[PDB]
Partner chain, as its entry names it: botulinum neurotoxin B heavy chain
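Given next, in structure tokens, is a single chain: the form solved without its partner chain.
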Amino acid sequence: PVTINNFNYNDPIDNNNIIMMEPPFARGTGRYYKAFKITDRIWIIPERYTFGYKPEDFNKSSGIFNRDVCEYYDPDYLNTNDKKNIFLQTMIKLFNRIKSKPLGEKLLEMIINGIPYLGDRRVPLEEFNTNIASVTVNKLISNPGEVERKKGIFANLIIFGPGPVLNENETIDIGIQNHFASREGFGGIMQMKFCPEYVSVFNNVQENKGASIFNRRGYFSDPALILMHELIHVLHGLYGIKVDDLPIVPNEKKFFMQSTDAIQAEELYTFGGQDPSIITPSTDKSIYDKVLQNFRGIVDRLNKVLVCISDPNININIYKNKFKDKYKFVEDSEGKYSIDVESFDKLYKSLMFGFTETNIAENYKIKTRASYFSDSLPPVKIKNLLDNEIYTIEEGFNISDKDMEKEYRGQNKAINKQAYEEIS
């Protein structure tokens, strides 16, 4: 099973579950943050995500007279040791909700074991390199008394707080010369900027027809489902199958589509449901061939890899087997690996269709939109998810004990006014 560690924000760095980490995009800069290992290979760093931004973006800040513009700021978020501990406790709760079902637990399980390949396209086929931003992050072994000393460690995902726009959660991969290991079959450390209190709002549902408007109503989203959505992106990224830039233009507005503006393929598969039906098999088959070709490169690499210069302490054979398991490659009598179409298709299918937003919501009794094709509406600020009188690990918002377990009354804005606010 998957263990979800526990900790208070003020605990002491133990060089194991609590450390000072140099995030991927700060490699070799000497900048460390306090990182908490919520599970093996997954870390939480309650800090704003400032990479690519300037300390001016973080607060266009209005105040007197302001109602939307769809984007939302709060230069103050995460600005105290306590807020950090809140965020930290909130995430832990979400993960625990995630883990409350075998389906979510399996997702996490797959994320933890999806170790990134030791290297990228820049690495020689006969080599294993661990000295790169997408394979490791430095931990600060040296005491608090200056003189920096560091140890490089393996990681899989790093969840930071939000960037300038709070309602803009995103999963991020590492590119060098605009080539993404997380897109070339290697896999690489994934990162995310997440904000659990500000949740989306939707009304594209009740896809039932045969009587005027196919039902309206207004519901907000379940933070845990929102998070799992991103976690699906993370999974694709660690296996290196994150679809590369590929916009999908719908050729017809079907009953479940509220909107009609093109969406990224990556989003259509992650969402699942009926969304990838909007993708032409032409295109759909090419993505598949795409993955295959990439793994063909990984398998070849593992048959030629012979050493790890970056680290003489790595048993090439050991890891050479872990990846065999990761990618489901079969071994022959020569000790050489190859791809089994039968098993390869089970993996692809599981990675591309086993975990989707639709079937997860469906399995968790969570109410979500009818398609990724939906209008964006003002998000809302959940008062306090750490209050089982409003949000629980088992049922989330639709709490049976509060008579909110029916028709997702727990998620209906008109019904559960008490759990949220209107931000501004």
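Positions refer to the first chain, counted from 1. Just so we're on the same page, rigid core means the largest C-alpha set that superposes within 1.5 Å between forms.
What follows is about the form deposited with its partner chain bound, which we do not show.
Heavy atom within 4.5 Å of its partner chain in the entry with it bound - residue from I92, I112, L292, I339: Only one listed residue qualifies here, and that residue is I112.
Interface residue in the entry with it bound among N96, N131, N85, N303, criterion: non-hydrogen atom within 4.5 angstroms of its partner chain: Of the candidates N96, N131, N85, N303, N131 is the one lying within 4.5 Å of its partner chain in the entry with it bound.
Exercise: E389 in contact with its partner chain in the entry with it bound, heavy atom 4.5 Å: Contact check for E389: no, nothing within 4.5 Å of its partner chain in the entry with it bound.
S400, heavy atom within 4.5 angstroms of its partner chain in the entry with it bound: Outside the cut-off, so no.
Contact test in the entry with it bound: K367 vs its partner chain, heavy atoms, 4.5 Å: Because no heavy atom of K367 falls inside 4.5 Å of its partner chain in the entry with it bound, the answer is no.
Its partner chain contact in the entry with it bound: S221, any heavy atom under 4.5 Å: Output for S221 is no: heavy atoms all beyond 4.5 Å of its partner chain.
Interface stretch in the entry with it bound with its partner chain - options 330-338, 295-303, 152-160, 223-231, non-hydrogen atom within 4.5 Å: Checking each option against the 4.5 Å cut-off leaves 152-160.
Residues of stretch 255-272 in contact with its partner chain in the entry with it bound (4.5 Å, non-hydrogen atom): Going through 255-272 in order - heavy atoms within 4.5 Å of its partner chain in the entry with it bound - the hits are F255, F256, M257, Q258, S259, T260, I263.
Which of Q258, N113, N129, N96 is displaced between the shown form and the other one by 2 angstroms or more at its C-alpha, rigid core aligned: The residue that shifts is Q258.
Residue shift check between the shown form and the other one, rigid core fit, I309 Cα at least 2 Å: Moves: no, less than 2 Å.
Exceeds or equals 2 Å, Cα of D387 between the shown form and the other one, core fit: Moves: no, less than 2 Å.
C-alpha of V249 off by 2 Å or more between the shown form and the other one on rigid core: True for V249: a C-alpha shift of 2 Å or more.
Distance direction in the entry with it bound for the C-alpha atoms of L166 and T260, relative to the displayed form (3 angstroms or more): Compared with this form, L166 and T260 lie closer in the entry with it bound.
Pairwise C-alpha change, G52 versus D68, in the entry with it bound against this form - closer or farther, 3 angstroms or more: It is closer: in the entry with it bound, the C-alpha atoms of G52 and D68 lie at least 3 Å nearer than they do here.
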